[PDB]
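Shown below: start.cif, with mmCIF, C-alpha atoms and all ligand atoms.
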data_coords
loop_
_atom_site.label_atom_id
_atom_site.label_comp_id
_atom_site.auth_asym_id
_atom_site.auth_seq_id
_atom_site.Cartn_x
_atom_site.Cartn_y
_atom_site.Cartn_z
CA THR A 1 -66.03 25.14 -65.77
CA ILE A 2 -63.83 23.67 -63.01
CA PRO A 3 -60.15 23.27 -64.01
CA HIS A 4 -58.74 19.75 -63.83
CA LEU A 5 -55.19 19.31 -62.58
CA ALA A 6 -52.96 16.24 -62.42
CA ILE A 7 -50.93 17.48 -59.43
CA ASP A 8 -50.71 14.71 -56.84
CA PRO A 9 -50.65 16.57 -53.47
CA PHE A 10 -49.73 13.28 -51.74
CA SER A 11 -46.58 12.57 -53.76
CA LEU A 12 -43.00 12.81 -52.51
CA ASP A 13 -42.32 15.37 -55.25
CA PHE A 14 -45.08 17.55 -53.78
CA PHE A 15 -43.96 17.10 -50.16
CA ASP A 16 -40.43 18.13 -51.17
CA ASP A 17 -41.43 21.55 -52.56
CA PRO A 18 -45.18 22.17 -52.30
CA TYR A 19 -45.21 25.93 -52.80
CA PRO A 20 -44.97 26.15 -56.63
CA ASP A 21 -47.76 23.58 -57.02
CA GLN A 22 -49.79 25.38 -54.33
CA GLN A 23 -49.62 28.65 -56.29
CA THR A 24 -50.72 26.73 -59.39
CA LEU A 25 -53.73 25.38 -57.46
CA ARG A 26 -54.68 28.82 -56.11
CA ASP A 27 -54.33 30.58 -59.47
CA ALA A 28 -56.18 27.87 -61.42
CA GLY A 29 -59.41 28.97 -59.73
CA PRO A 30 -61.32 29.01 -56.43
CA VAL A 31 -62.25 25.33 -56.91
CA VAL A 32 -60.22 22.73 -58.81
CA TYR A 33 -60.68 19.02 -59.48
CA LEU A 34 -57.79 16.64 -58.72
CA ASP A 35 -57.94 13.91 -61.38
CA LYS A 36 -55.35 11.81 -59.53
CA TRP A 37 -57.70 11.06 -56.62
CA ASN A 38 -61.13 12.21 -57.89
CA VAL A 39 -61.65 14.94 -55.29
CA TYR A 40 -62.26 18.67 -55.38
CA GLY A 41 -59.56 20.99 -54.08
CA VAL A 42 -59.63 24.46 -52.55
CA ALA A 43 -56.33 26.27 -51.97
CA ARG A 44 -57.15 29.99 -51.49
CA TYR A 45 -57.79 31.45 -48.05
CA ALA A 46 -61.38 32.49 -48.81
CA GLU A 47 -62.67 29.06 -49.86
CA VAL A 48 -60.65 27.11 -47.28
CA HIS A 49 -62.04 29.41 -44.57
CA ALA A 50 -65.59 29.13 -45.93
CA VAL A 51 -65.52 25.32 -46.05
CA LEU A 52 -64.27 25.15 -42.46
CA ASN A 53 -67.06 27.43 -41.21
CA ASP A 54 -69.93 25.61 -42.97
CA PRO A 55 -69.98 22.29 -41.08
CA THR A 56 -73.51 21.41 -42.20
CA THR A 57 -72.66 21.42 -45.91
CA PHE A 58 -69.04 20.23 -45.49
CA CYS A 59 -69.44 17.52 -42.89
CA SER A 60 -66.71 15.68 -41.00
CA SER A 61 -68.71 12.54 -40.05
CA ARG A 62 -67.92 10.85 -43.37
CA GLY A 63 -64.22 11.23 -42.52
CA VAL A 64 -61.63 14.02 -42.71
CA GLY A 65 -59.43 11.78 -44.85
CA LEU A 66 -59.84 10.70 -48.46
CA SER A 67 -61.79 7.60 -47.44
CA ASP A 68 -65.57 8.11 -47.34
CA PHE A 69 -67.01 6.33 -44.30
CA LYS A 70 -70.33 5.76 -46.10
CA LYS A 71 -68.36 3.69 -48.65
CA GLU A 72 -65.37 2.10 -46.85
CA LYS A 73 -64.83 0.73 -43.35
CA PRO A 74 -62.63 3.09 -41.29
CA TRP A 75 -59.28 1.65 -40.28
CA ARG A 76 -60.02 2.55 -36.65
CA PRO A 77 -63.25 3.48 -34.83
CA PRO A 78 -64.05 7.04 -35.95
CA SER A 79 -63.08 9.89 -33.65
CA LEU A 80 -65.98 11.04 -31.48
CA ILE A 81 -64.97 14.71 -31.89
CA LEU A 82 -62.89 15.08 -35.08
CA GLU A 83 -65.20 12.96 -37.24
CA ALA A 84 -68.50 14.06 -35.71
CA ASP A 85 -70.88 16.79 -36.79
CA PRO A 86 -73.16 18.84 -34.55
CA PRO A 87 -75.08 18.07 -32.46
CA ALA A 88 -73.18 14.82 -31.79
CA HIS A 89 -69.89 16.80 -31.77
CA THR A 90 -70.99 19.45 -29.26
CA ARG A 91 -70.85 17.54 -25.95
CA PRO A 92 -67.46 15.80 -26.51
CA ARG A 93 -66.02 19.11 -27.74
CA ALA A 94 -67.29 20.86 -24.60
CA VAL A 95 -65.61 18.25 -22.39
CA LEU A 96 -62.27 18.49 -24.21
CA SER A 97 -62.56 22.29 -24.10
CA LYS A 98 -62.93 22.23 -20.31
CA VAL A 99 -60.10 19.69 -19.90
CA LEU A 100 -57.70 21.80 -22.03
CA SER A 101 -59.14 25.07 -20.73
CA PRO A 102 -57.52 28.43 -19.93
CA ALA A 103 -57.92 27.54 -16.25
CA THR A 104 -56.08 24.26 -16.88
CA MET A 105 -53.08 25.97 -18.52
CA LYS A 106 -52.38 27.80 -15.24
CA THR A 107 -51.83 24.39 -13.63
CA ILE A 108 -49.12 23.29 -16.10
CA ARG A 109 -47.40 26.50 -17.26
CA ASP A 110 -44.59 26.55 -14.69
CA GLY A 111 -43.76 22.88 -15.20
CA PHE A 112 -43.83 23.20 -18.99
CA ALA A 113 -41.63 26.32 -18.83
CA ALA A 114 -39.12 24.78 -16.41
CA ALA A 115 -38.70 21.70 -18.61
CA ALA A 116 -38.25 23.97 -21.63
CA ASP A 117 -35.51 25.95 -19.87
CA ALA A 118 -33.84 22.75 -18.64
CA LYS A 119 -33.75 21.26 -22.14
CA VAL A 120 -32.14 24.34 -23.70
CA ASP A 121 -29.47 24.33 -20.98
CA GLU A 122 -28.86 20.63 -21.72
CA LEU A 123 -28.52 21.31 -25.45
CA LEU A 124 -26.26 24.35 -24.97
CA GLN A 125 -23.82 22.07 -23.12
CA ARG A 126 -23.79 19.77 -26.17
CA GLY A 127 -23.44 22.55 -28.76
CA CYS A 128 -24.00 20.52 -31.93
CA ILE A 129 -27.41 18.84 -31.69
CA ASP A 130 -30.27 17.58 -33.84
CA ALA A 131 -33.05 20.12 -33.39
CA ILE A 132 -35.61 17.45 -34.31
CA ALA A 133 -34.71 14.47 -32.11
CA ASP A 134 -32.95 16.45 -29.35
CA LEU A 135 -35.43 19.35 -29.20
CA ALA A 136 -38.57 19.16 -31.37
CA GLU A 137 -39.17 15.56 -30.27
CA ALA A 138 -37.34 15.47 -26.93
CA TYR A 139 -39.12 18.42 -25.30
CA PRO A 140 -42.81 17.53 -25.99
CA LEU A 141 -42.06 13.92 -25.08
CA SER A 142 -40.84 15.21 -21.69
CA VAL A 143 -44.04 17.12 -20.85
CA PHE A 144 -47.09 15.92 -22.78
CA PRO A 145 -47.09 12.18 -21.87
CA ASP A 146 -46.75 13.26 -18.23
CA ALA A 147 -49.46 15.89 -18.62
CA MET A 148 -51.61 13.10 -20.13
CA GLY A 149 -50.99 10.98 -17.04
CA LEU A 150 -49.44 8.18 -19.11
CA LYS A 151 -47.14 5.58 -17.61
CA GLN A 152 -43.46 5.65 -18.50
CA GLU A 153 -43.12 2.36 -20.39
CA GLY A 154 -44.27 2.16 -24.00
CA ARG A 155 -44.05 5.86 -24.96
CA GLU A 156 -42.01 4.86 -28.04
CA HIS A 157 -45.35 3.93 -29.64
CA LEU A 158 -46.70 7.49 -29.40
CA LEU A 159 -44.94 9.15 -32.32
CA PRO A 160 -45.30 6.06 -34.58
CA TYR A 161 -49.01 5.87 -33.72
CA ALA A 162 -49.35 9.59 -34.53
CA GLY A 163 -47.57 9.44 -37.89
CA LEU A 164 -49.84 6.50 -38.68
CA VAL A 165 -53.02 8.45 -37.90
CA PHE A 166 -51.98 11.32 -40.18
CA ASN A 167 -50.73 9.07 -42.98
CA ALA A 168 -54.10 7.26 -42.84
CA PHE A 169 -55.91 10.51 -43.64
CA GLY A 170 -54.25 10.26 -47.05
CA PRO A 171 -54.90 8.21 -50.17
CA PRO A 172 -53.96 4.52 -50.40
CA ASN A 173 -50.40 5.27 -51.51
CA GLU A 174 -47.33 3.48 -50.14
CA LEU A 175 -47.03 5.93 -47.23
CA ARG A 176 -50.52 5.04 -46.01
CA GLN A 177 -50.33 1.31 -46.75
CA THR A 178 -46.89 0.83 -45.18
CA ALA A 179 -48.07 2.60 -42.02
CA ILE A 180 -51.30 0.62 -41.62
CA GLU A 181 -49.38 -2.60 -42.31
CA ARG A 182 -47.38 -1.91 -39.10
CA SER A 183 -50.16 -0.44 -36.97
CA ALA A 184 -51.19 -3.31 -34.66
CA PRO A 185 -48.54 -2.85 -31.90
CA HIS A 186 -49.11 0.91 -31.66
CA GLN A 187 -52.92 0.65 -31.75
CA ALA A 188 -52.78 -1.95 -28.97
CA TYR A 189 -50.58 0.27 -26.79
CA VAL A 190 -52.63 3.44 -27.33
CA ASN A 191 -55.98 1.69 -26.87
CA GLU A 192 -54.82 0.23 -23.55
CA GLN A 193 -53.63 3.55 -22.09
CA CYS A 194 -57.06 5.08 -22.73
CA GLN A 195 -58.73 2.88 -20.09
CA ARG A 196 -59.41 4.79 -16.84
CA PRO A 197 -57.31 2.37 -14.70
CA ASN A 198 -54.12 3.18 -16.64
CA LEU A 199 -54.22 7.00 -16.39
CA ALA A 200 -52.58 8.82 -13.48
CA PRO A 201 -54.88 11.09 -11.44
CA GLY A 202 -54.81 14.79 -12.19
CA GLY A 203 -53.71 14.11 -15.79
CA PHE A 204 -55.59 14.99 -18.96
CA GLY A 205 -56.79 11.40 -19.35
CA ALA A 206 -58.15 11.16 -15.81
CA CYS A 207 -59.90 14.53 -16.17
CA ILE A 208 -61.71 13.30 -19.29
CA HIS A 209 -62.88 10.20 -17.43
CA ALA A 210 -64.07 12.40 -14.54
CA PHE A 211 -66.41 14.21 -16.96
CA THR A 212 -68.62 11.13 -17.32
CA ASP A 213 -70.66 12.23 -14.26
CA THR A 214 -71.91 15.47 -15.82
CA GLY A 215 -74.01 13.87 -18.53
CA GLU A 216 -71.80 15.37 -21.23
CA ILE A 217 -70.08 12.07 -22.09
CA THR A 218 -70.76 8.50 -20.94
CA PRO A 219 -68.10 6.15 -19.51
CA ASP A 220 -67.83 4.27 -22.83
CA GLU A 221 -67.02 7.50 -24.71
CA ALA A 222 -64.10 8.51 -22.48
CA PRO A 223 -61.46 6.06 -23.87
CA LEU A 224 -61.92 7.34 -27.43
CA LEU A 225 -61.62 10.94 -26.21
CA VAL A 226 -58.29 10.12 -24.58
CA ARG A 227 -57.30 8.52 -27.90
CA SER A 228 -57.98 11.86 -29.63
CA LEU A 229 -55.38 13.65 -27.50
CA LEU A 230 -52.89 10.82 -27.98
CA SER A 231 -53.47 11.08 -31.74
CA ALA A 232 -53.42 14.86 -32.21
CA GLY A 233 -51.54 16.16 -29.19
CA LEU A 234 -47.91 15.17 -29.80
CA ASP A 235 -46.78 14.94 -33.44
CA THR A 236 -48.35 18.30 -34.32
CA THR A 237 -46.44 20.18 -31.61
CA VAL A 238 -43.25 18.34 -32.58
CA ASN A 239 -43.60 19.60 -36.15
CA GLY A 240 -44.65 23.03 -34.91
CA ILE A 241 -41.67 23.44 -32.60
CA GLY A 242 -39.47 21.93 -35.29
CA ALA A 243 -40.76 24.49 -37.79
CA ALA A 244 -40.16 27.39 -35.38
CA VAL A 245 -36.54 26.37 -34.81
CA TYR A 246 -36.14 25.86 -38.56
CA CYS A 247 -37.54 29.33 -39.25
CA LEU A 248 -35.31 30.94 -36.62
CA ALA A 249 -32.36 29.14 -38.23
CA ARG A 250 -33.25 30.34 -41.74
CA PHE A 251 -34.18 33.92 -40.70
CA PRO A 252 -31.44 35.04 -38.27
CA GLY A 253 -32.85 38.56 -38.33
CA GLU A 254 -35.99 37.21 -36.67
CA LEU A 255 -34.01 35.34 -34.00
CA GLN A 256 -32.29 38.64 -33.18
CA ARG A 257 -35.63 40.43 -32.81
CA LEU A 258 -36.87 37.57 -30.65
CA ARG A 259 -33.78 37.78 -28.43
CA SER A 260 -34.30 41.52 -28.02
CA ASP A 261 -37.94 41.07 -26.95
CA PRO A 262 -38.69 37.55 -25.65
CA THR A 263 -42.36 38.45 -25.12
CA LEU A 264 -42.62 37.87 -28.89
CA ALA A 265 -42.15 34.14 -28.22
CA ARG A 266 -45.87 33.40 -28.48
CA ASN A 267 -46.37 35.24 -31.75
CA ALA A 268 -43.11 33.81 -33.07
CA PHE A 269 -44.61 30.34 -32.58
CA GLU A 270 -47.98 31.33 -34.05
CA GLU A 271 -46.21 32.74 -37.12
CA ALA A 272 -44.27 29.49 -37.51
CA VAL A 273 -47.59 27.60 -37.40
CA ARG A 274 -48.85 29.85 -40.19
CA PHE A 275 -45.56 29.78 -42.12
CA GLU A 276 -45.07 26.01 -42.11
CA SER A 277 -48.54 24.70 -41.17
CA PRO A 278 -47.71 21.31 -39.60
CA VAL A 279 -51.17 20.06 -40.62
CA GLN A 280 -51.09 20.69 -44.37
CA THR A 281 -54.36 19.17 -45.61
CA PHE A 282 -57.50 17.26 -44.73
CA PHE A 283 -60.92 16.63 -46.22
CA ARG A 284 -64.60 17.42 -45.88
CA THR A 285 -67.56 15.69 -47.53
CA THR A 286 -70.44 17.59 -49.14
CA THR A 287 -73.89 16.71 -47.78
CA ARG A 288 -75.67 18.47 -50.67
CA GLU A 289 -75.07 20.16 -54.00
CA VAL A 290 -73.33 23.42 -53.08
CA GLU A 291 -72.05 26.47 -54.96
CA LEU A 292 -68.54 27.40 -53.79
CA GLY A 293 -66.89 30.34 -55.52
CA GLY A 294 -69.03 30.15 -58.64
CA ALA A 295 -68.54 26.37 -59.01
CA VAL A 296 -71.18 23.80 -58.07
CA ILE A 297 -70.15 20.64 -56.22
CA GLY A 298 -72.36 17.57 -56.12
CA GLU A 299 -73.55 15.76 -53.02
CA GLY A 300 -71.31 13.22 -51.33
CA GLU A 301 -68.07 14.55 -52.84
CA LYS A 302 -64.76 14.88 -51.00
CA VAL A 303 -63.24 18.37 -50.79
CA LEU A 304 -59.52 18.70 -50.07
CA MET A 305 -58.48 21.83 -48.16
CA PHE A 306 -54.89 23.08 -48.48
CA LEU A 307 -54.42 24.74 -45.08
CA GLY A 308 -50.75 25.54 -45.70
CA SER A 309 -51.60 27.11 -49.05
CA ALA A 310 -54.34 29.22 -47.47
CA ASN A 311 -51.79 30.44 -44.90
CA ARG A 312 -49.66 31.65 -47.84
CA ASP A 313 -52.37 33.05 -50.15
CA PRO A 314 -51.27 36.55 -51.28
CA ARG A 315 -54.97 37.47 -51.55
CA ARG A 316 -55.14 37.42 -47.74
CA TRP A 317 -51.56 37.81 -46.55
CA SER A 318 -48.88 40.44 -47.13
CA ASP A 319 -45.51 38.93 -48.07
CA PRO A 320 -46.80 35.43 -47.23
CA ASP A 321 -43.47 33.70 -47.94
CA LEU A 322 -41.74 35.78 -45.23
CA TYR A 323 -41.36 34.62 -41.62
CA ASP A 324 -42.31 37.74 -39.60
CA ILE A 325 -42.61 37.28 -35.82
CA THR A 326 -44.47 40.60 -35.41
CA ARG A 327 -47.06 39.83 -38.10
CA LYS A 328 -50.71 39.97 -37.12
CA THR A 329 -51.23 36.21 -37.38
CA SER A 330 -54.91 36.30 -36.35
CA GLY A 331 -57.07 34.55 -38.93
CA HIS A 332 -54.63 31.86 -40.10
CA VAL A 333 -56.08 28.36 -40.47
CA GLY A 334 -53.08 26.36 -39.22
CA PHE A 335 -55.20 25.42 -36.19
CA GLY A 336 -58.33 25.09 -38.31
CA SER A 337 -61.37 27.34 -38.04
CA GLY A 338 -64.96 27.04 -36.87
CA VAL A 339 -66.52 24.42 -34.61
CA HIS A 340 -63.66 21.91 -35.08
CA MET A 341 -60.87 24.46 -34.47
CA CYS A 342 -58.03 22.77 -32.57
CA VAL A 343 -59.34 22.20 -29.05
CA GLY A 344 -55.75 21.70 -27.91
CA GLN A 345 -54.35 24.97 -29.25
CA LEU A 346 -53.72 26.33 -25.74
CA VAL A 347 -51.50 23.31 -25.02
CA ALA A 348 -49.65 23.72 -28.33
CA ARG A 349 -49.15 27.48 -27.97
CA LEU A 350 -47.96 26.97 -24.39
CA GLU A 351 -45.32 24.41 -25.37
CA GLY A 352 -44.27 26.61 -28.28
CA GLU A 353 -44.17 29.83 -26.27
CA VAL A 354 -42.09 28.57 -23.35
CA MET A 355 -39.62 26.85 -25.68
CA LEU A 356 -39.09 29.89 -27.90
CA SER A 357 -38.82 31.89 -24.67
CA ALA A 358 -36.06 29.61 -23.39
CA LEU A 359 -34.23 29.94 -26.72
CA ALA A 360 -34.77 33.71 -26.82
CA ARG A 361 -33.00 34.13 -23.48
CA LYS A 362 -30.24 31.51 -23.65
CA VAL A 363 -29.20 31.19 -27.32
CA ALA A 364 -27.38 33.82 -29.35
CA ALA A 365 -27.26 32.05 -32.73
CA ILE A 366 -28.65 28.93 -34.43
CA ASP A 367 -26.57 27.74 -37.40
CA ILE A 368 -27.46 24.78 -39.60
CA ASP A 369 -24.32 22.63 -39.81
CA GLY A 370 -25.49 19.45 -41.51
CA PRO A 371 -27.81 17.88 -44.10
CA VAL A 372 -31.45 18.73 -43.45
CA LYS A 373 -33.80 15.78 -43.94
CA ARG A 374 -37.55 16.01 -44.48
CA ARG A 375 -40.09 13.64 -42.92
CA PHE A 376 -42.74 12.58 -45.44
CA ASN A 377 -46.36 12.22 -44.32
CA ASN A 378 -49.62 12.40 -46.23
CA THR A 379 -50.99 15.07 -43.86
CA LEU A 380 -48.10 16.30 -41.66
CA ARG A 381 -45.29 18.57 -42.82
CA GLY A 382 -42.04 18.72 -40.90
CA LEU A 383 -38.43 17.69 -40.70
CA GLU A 384 -36.76 14.37 -39.95
CA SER A 385 -33.34 15.80 -39.05
CA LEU A 386 -32.21 19.39 -38.40
CA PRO A 387 -28.49 19.41 -37.53
CA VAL A 388 -27.90 22.76 -35.82
CA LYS A 389 -25.15 24.30 -33.72
CA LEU A 390 -26.39 26.36 -30.77
CA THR A 391 -24.30 29.32 -29.60
CA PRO A 392 -24.95 30.41 -25.99
CA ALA A 393 -25.94 33.99 -25.25
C1 LIG B 1 -53.56 18.35 -26.64
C2 LIG B 1 -54.32 18.25 -27.73
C3 LIG B 1 -53.94 18.86 -29.10
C4 LIG B 1 -52.84 19.56 -29.45
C5 LIG B 1 -51.61 19.98 -28.61
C6 LIG B 1 -52.97 19.92 -30.84
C7 LIG B 1 -52.04 20.63 -31.57
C8 LIG B 1 -52.18 21.07 -32.87
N1 LIG B 1 -53.29 20.90 -33.67
FE1 LIG B 1 -55.09 20.10 -33.00
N2 LIG B 1 -54.16 19.42 -31.31
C9 LIG B 1 -54.80 18.76 -30.27
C10 LIG B 1 -56.02 18.12 -30.37
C11 LIG B 1 -56.97 18.33 -31.36
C12 LIG B 1 -58.31 17.77 -31.42
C13 LIG B 1 -58.94 16.80 -30.39
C14 LIG B 1 -58.91 18.22 -32.53
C15 LIG B 1 -60.35 17.87 -32.97
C16 LIG B 1 -61.24 19.01 -32.49
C17 LIG B 1 -62.61 18.92 -33.11
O1 LIG B 1 -63.53 19.62 -32.60
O2 LIG B 1 -62.80 18.15 -34.09
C18 LIG B 1 -57.99 19.10 -33.22
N3 LIG B 1 -56.82 19.14 -32.48
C19 LIG B 1 -58.21 19.77 -34.41
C20 LIG B 1 -57.25 20.38 -35.21
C21 LIG B 1 -57.44 20.95 -36.53
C22 LIG B 1 -58.78 21.00 -37.33
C23 LIG B 1 -59.22 19.62 -37.83
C24 LIG B 1 -60.49 19.70 -38.65
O3 LIG B 1 -61.01 20.83 -38.86
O4 LIG B 1 -61.00 18.65 -39.12
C25 LIG B 1 -56.26 21.43 -36.95
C26 LIG B 1 -55.96 22.12 -38.29
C27 LIG B 1 -55.27 21.18 -35.91
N4 LIG B 1 -55.92 20.54 -34.86
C28 LIG B 1 -53.93 21.52 -35.95
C29 LIG B 1 -53.04 21.49 -34.89
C30 LIG B 1 -51.70 22.06 -34.84
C31 LIG B 1 -51.02 22.81 -36.01
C32 LIG B 1 -51.18 21.80 -33.62
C33 LIG B 1 -49.80 22.17 -33.00
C34 LIG B 1 -48.95 23.10 -33.47
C1 LIG B 2 -57.27 16.54 -39.59
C2 LIG B 2 -56.19 16.32 -38.52
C3 LIG B 2 -56.32 17.28 -37.34
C4 LIG B 2 -55.52 16.82 -36.12
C5 LIG B 2 -56.27 15.74 -35.35
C6 LIG B 2 -55.88 14.41 -35.42
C7 LIG B 2 -56.57 13.44 -34.71
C8 LIG B 2 -57.66 13.80 -33.93
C9 LIG B 2 -58.44 12.74 -33.15
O1 LIG B 2 -57.92 11.61 -32.94
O2 LIG B 2 -59.61 13.00 -32.75
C10 LIG B 2 -58.05 15.13 -33.86
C11 LIG B 2 -57.36 16.09 -34.57
CL CL B 3 -56.22 2.89 -32.35
#

Could you write out this file's structure as structure tokens?
Amino acid sequence: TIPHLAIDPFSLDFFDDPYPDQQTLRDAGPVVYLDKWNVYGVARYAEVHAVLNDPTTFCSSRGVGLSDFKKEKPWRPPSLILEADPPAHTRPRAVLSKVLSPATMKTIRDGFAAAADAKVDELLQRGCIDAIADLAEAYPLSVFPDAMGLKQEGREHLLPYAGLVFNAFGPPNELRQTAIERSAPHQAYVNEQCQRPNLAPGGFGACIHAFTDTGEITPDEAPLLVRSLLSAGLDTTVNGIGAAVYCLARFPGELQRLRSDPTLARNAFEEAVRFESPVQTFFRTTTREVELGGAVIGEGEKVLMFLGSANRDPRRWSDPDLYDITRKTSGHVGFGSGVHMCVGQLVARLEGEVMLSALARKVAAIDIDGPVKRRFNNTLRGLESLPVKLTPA
């Protein structure tokens, strides 16, 4: 009654061109079974959205990766927010919400925007750049580690530690095993910067530690909460900004509309998050037998959500394969949905907005002038190299 497919969604063939296989998964039915890894899969918008908004049935405490924490030891201590269900999740989420709050964005907006404008000026003087290393990576590295309050030395561990966290959500393929086999130096760096003494005052990390007085989190919880932001806060925005530049390179008609109204910068980024979905997939675990779209799913089973596929489901979106910077993007699941919805989305949207704003005002054309290279990750989608030529406005 549930179709069985042999598609491996964690194979290099799938990462290269996931959209044909994603249509196959959507059209096979609301719920499929993935024989390769012995998990259920949901790829339409309706079921992906329903799983995300039923945290009691589809829990996160047994892991949001393939590994089931009731069966295998986690490779690192589980996240206190990402891999926690209510009520345990509520207090750490509230703290992170207040740290990354609307009121907090007012404190950083001018600095984030100025660094965005400075970087575009620096790239325009170079002309032929790599939009990944020189922009998608360079810009967030110049604002987020400082916003975190991190020291200057050692920041080369941040992106490797991030790509390790997102590879480790996947199955035990070579991508995951090769990452974990090199983890120790990055884990040691990250775990040290989470201690209150090593975080500059006024930064995100210090603010989390200051929330131990309220009774929302204890002092021993604060280091793992800083770890969350160092795990989720950098590589996702890199891939998001990378995707936006990619989209503007592939759809010059949208760059022209953006140039003619730079207030579209925020929705241009949001649409790139829908269109590319930097976070492609992750898992939930069923706490009971549950009927999902006419198919019953036993207790203790892993359910794989295709977030990128749900952001391109024609049953929910009009012309989903088109990059449209004036689309009503509200309702996309690129930031998740429900109680776990990305608590750092204001930081991501801010970085994306001010960077697309800088490009909208300073750049007249973005032309790909070199081999594009994809970066392969079990959970992240994005580019390794994007050779582009920037033409000043
Ligand atoms: C500064 C911090 C920060 C930034 C920036 C950030 C940027 C991004 N993120 Fe995202 N992310 C951050 C910190 C988190 C946390 C701590 C959590 C876990 C929240 C919870 O309650 O479990 C999270 N993000 C949760 C999520 C989830 C939902 C996970 C789940 O349901 O299990 C998604 C899909 C996500 N993110 C995507 C993205 C994308 C896409 C971007 C950027 C374009
Ligand atoms: C399922 C991946 C969502 C992004 C993410 C990664 C890590 C954390 C964390 O370390 O808590 C949170 C969210
Ligand atoms: Cl770690």

A:307, A:206, A:354, A:50 ranked by distance to residue 291 of chain A, top pick (using all atoms listed in the file):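 When distances to residue 291 of chain A are compared using all atoms listed in the file, the smallest one comes from A:50.
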
Shell around residue 169 of chain A at 10 Å using only C-alpha atoms, local window under 2 positions removed, as a PyMOL selection string: chain A and resi 63-67+164-167+171-172+176+281-283+377-380

Hey, could you make a per-residue contact list for chain A against ligand LIG 1 (chain B) with 8 Å as the cut-off, showing the nearest pair of atoms and its distance in Å to one decimal, counting only C-alpha atoms and all ligand atoms, sorted by chain and number, as CSV?
residue,atom,partner,partner_atom,distance
A:52,CA,B:LIG1,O3,6.5
A:60,CA,B:LIG1,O4,6.7
A:64,CA,B:LIG1,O4,5.9
A:81,CA,B:LIG1,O2,4.6
A:82,CA,B:LIG1,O2,3.2
A:83,CA,B:LIG1,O2,6.5
A:84,CA,B:LIG1,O2,7.2
A:89,CA,B:LIG1,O1,7.0
A:93,CA,B:LIG1,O1,5.5
A:96,CA,B:LIG1,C13,7.2
A:100,CA,B:LIG1,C1,7.1
A:144,CA,B:LIG1,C1,7.9
A:225,CA,B:LIG1,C13,7.7
A:228,CA,B:LIG1,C13,5.1
A:229,CA,B:LIG1,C2,4.7
A:230,CA,B:LIG1,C2,7.6
A:231,CA,B:LIG1,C10,7.6
A:232,CA,B:LIG1,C10,4.6
A:233,CA,B:LIG1,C3,3.6
A:234,CA,B:LIG1,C5,6.2
A:235,CA,B:LIG1,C33,7.8
A:236,CA,B:LIG1,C33,4.3
A:237,CA,B:LIG1,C33,4.1
A:238,CA,B:LIG1,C34,7.5
A:239,CA,B:LIG1,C34,6.9
A:240,CA,B:LIG1,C34,4.5
A:241,CA,B:LIG1,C34,7.3
A:273,CA,B:LIG1,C31,6.1
A:277,CA,B:LIG1,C31,6.0
A:278,CA,B:LIG1,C31,5.1
A:279,CA,B:LIG1,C31,5.4
A:280,CA,B:LIG1,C26,7.9
A:282,CA,B:LIG1,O4,6.8
A:283,CA,B:LIG1,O4,7.4
A:284,CA,B:LIG1,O4,7.8
A:307,CA,B:LIG1,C26,7.4
A:333,CA,B:LIG1,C26,6.6
A:334,CA,B:LIG1,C26,5.2
A:335,CA,B:LIG1,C26,4.0
A:336,CA,B:LIG1,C26,3.8
A:337,CA,B:LIG1,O3,6.6
A:338,CA,B:LIG1,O3,7.6
A:339,CA,B:LIG1,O1,6.0
A:340,CA,B:LIG1,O1,3.4
A:341,CA,B:LIG1,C22,5.0
A:342,CA,B:LIG1,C19,3.5
A:343,CA,B:LIG1,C16,5.1
A:344,CA,B:LIG1,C3,3.6
A:345,CA,B:LIG1,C7,5.4
A:346,CA,B:LIG1,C5,7.3
A:347,CA,B:LIG1,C5,4.9
A:348,CA,B:LIG1,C5,4.2
A:349,CA,B:LIG1,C34,7.0
A:352,CA,B:LIG1,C34,7.8

Protein and nucleic residues near ligand CL 3 (chain B), 12 Å, only C-alpha atoms and all ligand atoms, as a PyMOL selection string: chain A and resi 74-79+157-158+160-162+164-165+168+180+183-194+223-231

Which residue of A:364, A:103, A:12, A:46 approaches residue 249 of chain A most closely, using only C-alpha atoms: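 Going through A:364, A:103, A:12, A:46 one by one, the smallest distance to residue 249 of chain A is for A:364.
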
Test item: which residues lie within 10 Å of (-69.8, 21.6, -22.5) counting only C-alpha atoms, as a PyMOL selection string: chain A and resi 90-98+211+214-217

Counting all atoms listed in the file, the option among A:297, A:290, A:147, A:120 closest to residue 56 of chain A: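 Among the listed residues, the smallest separation from residue 56 of chain A belongs to A:290.
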
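The nearest approach to residue 366 of chain A among the residues A:20, A:127, A:30, A:314, with all atoms listed in the file taken into account, belongs to A:127.
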
Atom CA of residue 250 of chain A to atom CA of residue 322 of chain A, distance in Å rounded to a single decimal: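 Atom CA of residue 322 of chain A lies 10.7 Å from atom CA of residue 250 of chain A.
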
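When only C-alpha atoms and all ligand atoms are used to compute distances to ligand LIG 2 (chain B), the closest of the residues A:123, A:305, A:372, A:143 turns out to be A:305.
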
Polymer residues at most 9 Å from segment 14-17 of chain A, all atoms listed in the file, same-chain spacing of 6 or more positions, as a list in words: residues 7, 8, 374, 375, 376, 377, 378 and 381 of chain A

Write a file of the selected residues as an mmCIF file, in the frame of the given file, keeping C-alpha atoms.
data_model
loop_
_atom_site.group_PDB
_atom_site.id
_atom_site.type_symbol
_atom_site.label_atom_id
_atom_site.label_comp_id
_atom_site.auth_asym_id
_atom_site.auth_seq_id
_atom_site.Cartn_x
_atom_site.Cartn_y
_atom_site.Cartn_z
ATOM 1 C CA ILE A 7 -50.930 17.480 -59.430
ATOM 2 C CA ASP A 8 -50.710 14.710 -56.840
ATOM 3 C CA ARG A 374 -37.550 16.010 -44.480
ATOM 4 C CA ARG A 375 -40.090 13.640 -42.920
ATOM 5 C CA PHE A 376 -42.740 12.580 -45.440
ATOM 6 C CA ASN A 377 -46.360 12.220 -44.320
ATOM 7 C CA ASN A 378 -49.620 12.400 -46.230
ATOM 8 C CA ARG A 381 -45.290 18.570 -42.820
#
